[PDB]
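Presented below is the structure to which this report refers.
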Amino acid sequence: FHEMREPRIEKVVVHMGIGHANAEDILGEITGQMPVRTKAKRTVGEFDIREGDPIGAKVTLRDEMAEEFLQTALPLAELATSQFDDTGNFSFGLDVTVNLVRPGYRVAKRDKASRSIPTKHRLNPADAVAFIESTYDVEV
RNA sequence: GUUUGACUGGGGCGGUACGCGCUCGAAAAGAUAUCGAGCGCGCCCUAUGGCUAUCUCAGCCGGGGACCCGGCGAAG
Ligand SMILES: [Mg+2]
Ligand SMILES: [Mg+2]
Ligand SMILES: [Mg+2]
Ligand code: NA
Ligand code: NA
Ligand code: NA
Ligand SMILES: [Sr+2]
Ligand SMILES: [Sr+2]
């Protein structure tokens with residue numbers, strides 16, 4: 001029961017919301033894999049009337065890539081209870097987002113007979129702080 | 001030598017109900033008038049057409065009015 005309930009890392013998304021790019025090179029270094037451009041929507045007074053066009057970049061890491069990143073990334077932040085989602089997610093900072101979830105998450109990400117994850121199987125902030133804190137760092 | 005139209009609560013002036021589309025008037029099939037009420041069309045587009053692949057939108061909340069992550073969300 002506990003084995004298929006103990007949290008894990010779905011993905012670690014690192015992104016730099018600039019607003020017009022040349023910053024891909026560092027992400028390609030700090031994470032290890034190719035980043036992708038970020039386009040915006042809706043015209044914007046702040047000389048941002050171009051809908052589709054480079055404005056940011058991000059890198060989504062999974063498995064090892066994700067953990068090998070957090071090992072050297074988490075120590076760079078000072079996690080706090082507020083910094084946590086209602087789903088058991090937390091992001092710090094160049095933004096760094098950590099998406100945590102339980103084993104059979106796929107049930108909501110697959111194509112056939114997908115289904116939404118029952119709140120009971122949904123990760124909790126409490127369960128989140130724990131799991132994480134239970135590995136190289138402090139809380140509040 | 002001719003023409004100078006029609007409609008119209010008389011005619012003139014005003015207007016066009018003079019060709020078209022929608023809601024209501026219209027009375028739960030269809031049809032249905034007034035110078036009836038609300039209001040549009042005489043285009044624009046080589047993509048703003050076609051198919052395929054991948055995908056889900058408004059709006060609100062939570063975490064780092066531009067961007068990133070998650071949640072709610074049959075359609076506003
Ligand atoms: Mg004669
Ligand atoms: Mg007459
Ligand atoms: Mg009828
Ligand atoms: Na781009
Ligand atoms: Na005539
Ligand atoms: Na009159
Ligand atoms: Sr005459
Ligand atoms: Sr009279």
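Residues are named by chain letter and number: chains run A, B, ... in the order of the structure tokens, numbers start at 1 in each chain, and ligands are numbered from 1 in the order shown.
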- Near chain B, which residues of chain A fall within 9 Å when you count only C-alpha atoms (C1' of nucleotides), and what do they look like as JSON, numbers by chain? {"A": [13, 14, 15, 16, 17, 18, 19, 38, 39, 40, 41, 44, 46, 48, 55, 56, 57, 58, 82, 83, 84, 85, 86, 87, 88, 89, 90, 91, 92, 93, 94, 95, 96, 97, 98, 99]}
Would you mind exporting N, CA and C atoms of the selected residues as a short mmCIF file (atom, residue, chain, number, x, y, z; two decimals), in the first residue's frame?
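What follows is the written file part-v7.cif:
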```cif
data_model
loop_
_atom_site.label_atom_id
_atom_site.label_comp_id
_atom_site.auth_asym_id
_atom_site.auth_seq_id
_atom_site.Cartn_x
_atom_site.Cartn_y
_atom_site.Cartn_z
N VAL A 13 10.82 21.44 -14.23
CA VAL A 13 10.80 22.41 -15.31
C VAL A 13 11.56 23.68 -14.94
N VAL A 14 12.64 23.94 -15.67
CA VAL A 14 13.45 25.13 -15.45
C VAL A 14 13.15 26.08 -16.61
N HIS A 15 12.83 27.32 -16.29
CA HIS A 15 12.52 28.28 -17.34
C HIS A 15 12.88 29.71 -16.99
N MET A 16 13.28 30.46 -18.01
CA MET A 16 13.63 31.86 -17.85
C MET A 16 12.69 32.73 -18.67
N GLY A 17 11.76 33.39 -17.98
CA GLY A 17 10.83 34.25 -18.67
C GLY A 17 11.49 35.60 -18.88
N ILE A 18 12.00 35.82 -20.08
CA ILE A 18 12.66 37.08 -20.40
C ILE A 18 11.65 38.10 -20.91
N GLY A 19 11.32 38.02 -22.19
CA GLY A 19 10.37 38.95 -22.77
C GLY A 19 10.81 39.47 -24.13
N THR A 38 9.57 29.98 -25.86
CA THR A 38 8.28 30.27 -25.25
C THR A 38 7.63 31.47 -25.93
N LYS A 39 6.46 31.24 -26.52
CA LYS A 39 5.72 32.29 -27.21
C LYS A 39 4.64 32.84 -26.28
N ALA A 40 4.19 34.06 -26.54
CA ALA A 40 3.15 34.65 -25.71
C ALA A 40 1.87 34.81 -26.52
N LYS A 41 0.82 35.28 -25.86
CA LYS A 41 -0.46 35.51 -26.51
C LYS A 41 -1.00 36.88 -26.09
N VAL A 44 0.28 43.38 -26.18
CA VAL A 44 0.64 44.01 -24.92
C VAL A 44 1.22 45.41 -25.09
N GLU A 46 3.28 47.10 -23.28
CA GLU A 46 4.73 47.06 -23.11
C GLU A 46 5.35 46.45 -24.38
N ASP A 48 4.85 44.70 -26.77
CA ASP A 48 4.75 43.26 -26.89
C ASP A 48 3.47 42.98 -27.67
N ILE A 55 10.04 34.75 -26.32
CA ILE A 55 9.84 35.61 -25.16
C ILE A 55 10.37 34.87 -23.92
N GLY A 56 10.66 33.59 -24.10
CA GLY A 56 11.18 32.78 -23.01
C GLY A 56 11.64 31.41 -23.48
N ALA A 57 12.10 30.61 -22.53
CA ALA A 57 12.57 29.26 -22.82
C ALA A 57 12.40 28.41 -21.57
N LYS A 58 12.34 27.09 -21.76
CA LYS A 58 12.19 26.19 -20.62
C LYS A 58 12.78 24.84 -20.95
N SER A 82 4.83 28.15 2.37
CA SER A 82 4.03 28.92 1.43
C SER A 82 4.40 28.59 -0.01
N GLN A 83 5.69 28.40 -0.25
CA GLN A 83 6.20 28.08 -1.59
C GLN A 83 5.66 26.77 -2.14
N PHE A 84 4.71 26.16 -1.44
CA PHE A 84 4.14 24.90 -1.89
C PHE A 84 2.71 25.04 -2.41
N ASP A 85 2.41 24.24 -3.43
CA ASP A 85 1.11 24.23 -4.07
C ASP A 85 0.07 23.58 -3.17
N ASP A 86 -1.13 23.38 -3.71
CA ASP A 86 -2.23 22.74 -2.98
C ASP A 86 -2.28 21.29 -3.46
N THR A 87 -1.48 21.00 -4.47
CA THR A 87 -1.41 19.66 -5.06
C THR A 87 -0.13 18.97 -4.63
N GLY A 88 0.71 19.69 -3.89
CA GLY A 88 1.96 19.12 -3.44
C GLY A 88 3.09 19.47 -4.38
N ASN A 89 2.99 20.64 -5.02
CA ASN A 89 4.02 21.11 -5.93
C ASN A 89 4.71 22.32 -5.33
N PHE A 90 5.94 22.57 -5.74
CA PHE A 90 6.68 23.72 -5.23
C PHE A 90 7.68 24.18 -6.28
N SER A 91 7.85 25.50 -6.36
CA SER A 91 8.77 26.09 -7.32
C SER A 91 9.52 27.25 -6.66
N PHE A 92 10.80 27.40 -7.00
CA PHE A 92 11.62 28.45 -6.42
C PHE A 92 12.43 29.23 -7.46
N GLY A 93 12.90 30.41 -7.06
CA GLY A 93 13.69 31.26 -7.95
C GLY A 93 12.85 32.25 -8.75
N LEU A 94 15.12 33.28 -13.21
CA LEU A 94 15.26 31.84 -13.43
C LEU A 94 14.37 31.07 -12.46
N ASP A 95 13.28 30.51 -12.98
CA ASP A 95 12.35 29.74 -12.16
C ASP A 95 12.72 28.25 -12.18
N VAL A 96 12.38 27.55 -11.11
CA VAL A 96 12.64 26.12 -11.02
C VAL A 96 11.41 25.47 -10.40
N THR A 97 10.69 24.70 -11.21
CA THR A 97 9.47 24.05 -10.74
C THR A 97 9.63 22.54 -10.61
N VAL A 98 9.18 22.02 -9.47
CA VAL A 98 9.25 20.60 -9.19
C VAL A 98 7.84 20.04 -9.09
N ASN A 99 7.52 19.11 -9.98
CA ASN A 99 6.20 18.50 -10.00
C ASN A 99 6.30 17.10 -9.39
#
```
- Item | Given 9 Å and only C-alpha atoms (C1' of nucleotides) and all ligand atoms, residues near ligand 6 as a PyMOL selection string | chain B and resi 8+13-15+35
Can I get the selected residues back with C-alpha atoms (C1' of nucleotides), as a PDB file, in the first residue's frame?
```
ATOM      1  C1'   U B   8     -47.397  57.514 -49.289  1.00  0.00           C
ATOM      2  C1'   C B  13     -41.509  68.544 -48.509  1.00  0.00           C
ATOM      3  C1'   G B  14     -39.338  64.442 -45.398  1.00  0.00           C
ATOM      4  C1'   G B  15     -38.457  59.195 -45.857  1.00  0.00           C
ATOM      5  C1'   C B  35     -44.305  55.257 -43.027  1.00  0.00           C
TER       6        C B  35
END
```
As an mmCIF file with N, CA and C atoms, in the first residue's frame, list the residues of stretch 14-131 of chain A assigned to alpha helix (DSSP H) by DSSP on the backbone atoms of this structure.
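Written out: part.cif:
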```cif
data_model
loop_
_atom_site.group_PDB
_atom_site.id
_atom_site.type_symbol
_atom_site.label_atom_id
_atom_site.label_comp_id
_atom_site.auth_asym_id
_atom_site.auth_seq_id
_atom_site.Cartn_x
_atom_site.Cartn_y
_atom_site.Cartn_z
ATOM 1 N N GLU A 24 19.155 30.666 -23.712
ATOM 2 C CA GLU A 24 19.027 29.221 -23.870
ATOM 3 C C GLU A 24 20.328 28.516 -23.504
ATOM 4 N N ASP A 25 21.446 29.106 -23.919
ATOM 5 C CA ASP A 25 22.769 28.542 -23.670
ATOM 6 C C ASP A 25 23.085 28.159 -22.227
ATOM 7 N N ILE A 26 22.656 28.963 -21.256
ATOM 8 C CA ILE A 26 22.945 28.628 -19.863
ATOM 9 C C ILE A 26 22.075 27.465 -19.381
ATOM 10 N N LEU A 27 20.808 27.457 -19.790
ATOM 11 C CA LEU A 27 19.901 26.374 -19.420
ATOM 12 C C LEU A 27 20.442 25.075 -20.019
ATOM 13 N N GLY A 28 20.960 25.166 -21.238
ATOM 14 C CA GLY A 28 21.513 23.990 -21.878
ATOM 15 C C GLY A 28 22.698 23.468 -21.089
ATOM 16 N N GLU A 29 23.266 24.323 -20.240
ATOM 17 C CA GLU A 29 24.419 23.950 -19.428
ATOM 18 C C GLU A 29 24.019 23.520 -18.021
ATOM 19 N N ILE A 30 23.166 24.311 -17.377
ATOM 20 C CA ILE A 30 22.720 24.015 -16.016
ATOM 21 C C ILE A 30 21.810 22.777 -15.887
ATOM 22 N N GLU A 64 16.519 10.737 -13.982
ATOM 23 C CA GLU A 64 17.832 11.173 -13.510
ATOM 24 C C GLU A 64 18.078 12.661 -13.745
ATOM 25 N N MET A 65 17.966 13.096 -14.998
ATOM 26 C CA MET A 65 18.168 14.501 -15.354
ATOM 27 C C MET A 65 17.535 15.440 -14.329
ATOM 28 N N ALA A 66 16.332 15.088 -13.881
ATOM 29 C CA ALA A 66 15.591 15.891 -12.911
ATOM 30 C C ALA A 66 16.256 15.922 -11.538
ATOM 31 N N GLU A 67 16.627 14.747 -11.038
ATOM 32 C CA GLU A 67 17.264 14.643 -9.729
ATOM 33 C C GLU A 67 18.701 15.153 -9.722
ATOM 34 N N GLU A 68 19.454 14.842 -10.772
ATOM 35 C CA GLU A 68 20.834 15.294 -10.852
ATOM 36 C C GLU A 68 20.848 16.814 -10.873
ATOM 37 N N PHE A 69 19.730 17.404 -11.283
ATOM 38 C CA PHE A 69 19.622 18.853 -11.330
ATOM 39 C C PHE A 69 19.295 19.385 -9.946
ATOM 40 N N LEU A 70 18.264 18.819 -9.325
ATOM 41 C CA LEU A 70 17.843 19.253 -7.997
ATOM 42 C C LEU A 70 18.926 19.091 -6.938
ATOM 43 N N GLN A 71 19.790 18.092 -7.103
ATOM 44 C CA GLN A 71 20.865 17.878 -6.142
ATOM 45 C C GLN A 71 21.658 19.172 -6.002
ATOM 46 N N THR A 72 22.030 19.746 -7.142
ATOM 47 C CA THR A 72 22.799 20.983 -7.172
ATOM 48 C C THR A 72 21.920 22.229 -7.265
ATOM 49 N N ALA A 73 20.607 22.037 -7.358
ATOM 50 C CA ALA A 73 19.684 23.164 -7.470
ATOM 51 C C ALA A 73 18.972 23.518 -6.173
ATOM 52 N N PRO A 125 0.437 18.951 0.404
ATOM 53 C CA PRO A 125 1.552 19.841 0.743
ATOM 54 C C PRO A 125 2.344 19.187 1.868
ATOM 55 N N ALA A 126 1.609 18.653 2.838
ATOM 56 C CA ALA A 126 2.203 17.974 3.978
ATOM 57 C C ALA A 126 3.049 16.804 3.488
ATOM 58 N N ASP A 127 2.444 15.943 2.672
ATOM 59 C CA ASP A 127 3.138 14.784 2.119
ATOM 60 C C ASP A 127 4.315 15.229 1.261
ATOM 61 N N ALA A 128 4.175 16.398 0.640
ATOM 62 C CA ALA A 128 5.211 16.955 -0.228
ATOM 63 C C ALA A 128 6.423 17.442 0.559
ATOM 64 N N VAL A 129 6.192 18.371 1.484
ATOM 65 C CA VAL A 129 7.263 18.909 2.316
ATOM 66 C C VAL A 129 8.044 17.743 2.911
ATOM 67 N N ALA A 130 7.311 16.765 3.432
ATOM 68 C CA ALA A 130 7.918 15.582 4.020
ATOM 69 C C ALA A 130 8.880 14.953 3.020
ATOM 70 N N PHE A 131 8.331 14.201 2.068
ATOM 71 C CA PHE A 131 9.121 13.527 1.037
ATOM 72 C C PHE A 131 10.411 14.258 0.675
#
```
- List all protein, DNA and RNA residues that have an atom no more than 12 Å from any atom of ligand 5, counting only C-alpha atoms (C1' of nucleotides) and all ligand atoms, and report them as JSON, numbers by chain. {"B": [2, 3, 4, 5, 6]}
Export of the given selection (N, CA and C atoms (P, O5', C5', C4', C3', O3' and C1' of nucleotides)) as a PDB file, in the first residue's frame:
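Now in part-v1.pdb:
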```pdb
ATOM      1  P     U B   2     -44.819  65.110 -79.106  1.00  0.00           P
ATOM      2  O5'   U B   2     -43.828  64.121 -78.349  1.00  0.00           O
ATOM      3  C5'   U B   2     -43.818  64.029 -76.927  1.00  0.00           C
ATOM      4  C4'   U B   2     -42.538  63.376 -76.473  1.00  0.00           C
ATOM      5  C3'   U B   2     -42.429  63.225 -74.970  1.00  0.00           C
ATOM      6  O3'   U B   2     -43.115  62.046 -74.558  1.00  0.00           O
ATOM      7  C1'   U B   2     -40.449  64.210 -75.787  1.00  0.00           C
ATOM      8  P     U B   3     -43.892  62.023 -73.157  1.00  0.00           P
ATOM      9  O5'   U B   3     -42.741  61.745 -72.089  1.00  0.00           O
ATOM     10  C5'   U B   3     -41.852  60.618 -72.212  1.00  0.00           C
ATOM     11  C4'   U B   3     -40.605  60.858 -71.389  1.00  0.00           C
ATOM     12  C3'   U B   3     -40.834  61.179 -69.919  1.00  0.00           C
ATOM     13  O3'   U B   3     -40.965  59.990 -69.160  1.00  0.00           O
ATOM     14  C1'   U B   3     -39.327  62.743 -70.826  1.00  0.00           C
ATOM     15  P     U B   4     -41.861  59.982 -67.830  1.00  0.00           P
ATOM     16  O5'   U B   4     -41.156  61.035 -66.873  1.00  0.00           O
ATOM     17  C5'   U B   4     -39.851  60.779 -66.321  1.00  0.00           C
ATOM     18  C4'   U B   4     -39.356  61.996 -65.571  1.00  0.00           C
ATOM     19  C3'   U B   4     -40.293  62.576 -64.526  1.00  0.00           C
ATOM     20  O3'   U B   4     -40.194  61.856 -63.301  1.00  0.00           O
ATOM     21  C1'   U B   4     -39.372  64.329 -65.814  1.00  0.00           C
ATOM     22  P     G B   5     -41.398  61.919 -62.237  1.00  0.00           P
ATOM     23  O5'   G B   5     -41.976  60.443 -62.231  1.00  0.00           O
ATOM     24  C5'   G B   5     -42.608  59.912 -63.398  1.00  0.00           C
ATOM     25  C4'   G B   5     -42.726  58.420 -63.278  1.00  0.00           C
ATOM     26  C3'   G B   5     -43.332  57.932 -61.979  1.00  0.00           C
ATOM     27  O3'   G B   5     -44.739  58.040 -61.984  1.00  0.00           O
ATOM     28  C1'   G B   5     -41.405  56.683 -62.425  1.00  0.00           C
ATOM     29  P     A B   6     -45.509  58.336 -60.609  1.00  0.00           P
ATOM     30  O5'   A B   6     -45.359  56.976 -59.797  1.00  0.00           O
ATOM     31  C5'   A B   6     -45.966  55.774 -60.283  1.00  0.00           C
ATOM     32  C4'   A B   6     -45.567  54.618 -59.419  1.00  0.00           C
ATOM     33  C3'   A B   6     -45.903  54.770 -57.947  1.00  0.00           C
ATOM     34  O3'   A B   6     -47.271  54.461 -57.677  1.00  0.00           O
ATOM     35  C1'   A B   6     -43.656  54.105 -58.151  1.00  0.00           C
TER      36        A B   6
END
```
- Item | Distance filter 10 Å around ligand 3, atoms: only C-alpha atoms (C1' of nucleotides) and all ligand atoms, out as an NGL selection string | :B and (26-32)
- Message: Env of stretch 5-10 of chain A: 6 Å cut, atoms = only C-alpha atoms (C1' of nucleotides), seq-sep filter 4 positions within chain, self excluded. Answer as a PyMOL selection string.
- Response: chain A and resi 99-102
- Once you count only C-alpha atoms (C1' of nucleotides) and all ligand atoms, which residues end up within 12 Å of ligand 8, and could you hand them over as a VMD selection string? chain B and resid 8 to 12
- Do you know which residues are at most 12 Å from residue B:21 counting only C-alpha atoms (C1' of nucleotides), after dropping those on the same chain fewer than 3 positions away, and could you put them as a count of residues only? 4
- Go through stretch 1-137 of chain A and collect every residue that DSSP, computed from the backbone, puts in strand (DSSP E or B); the answer should be as an MDAnalysis selection string. chainID A and resid 8:17 36:39 44 48 54:61 84 90:92 95:101
- Task: Quote the spacing between atom CA of residue A:106 and atom CA of residue A:61 in Å to one decimal place.
- Result: 16.6 Å
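For the pair atom CA of residue A:11 and atom CA of residue A:62, the separation is 4.7 Å.
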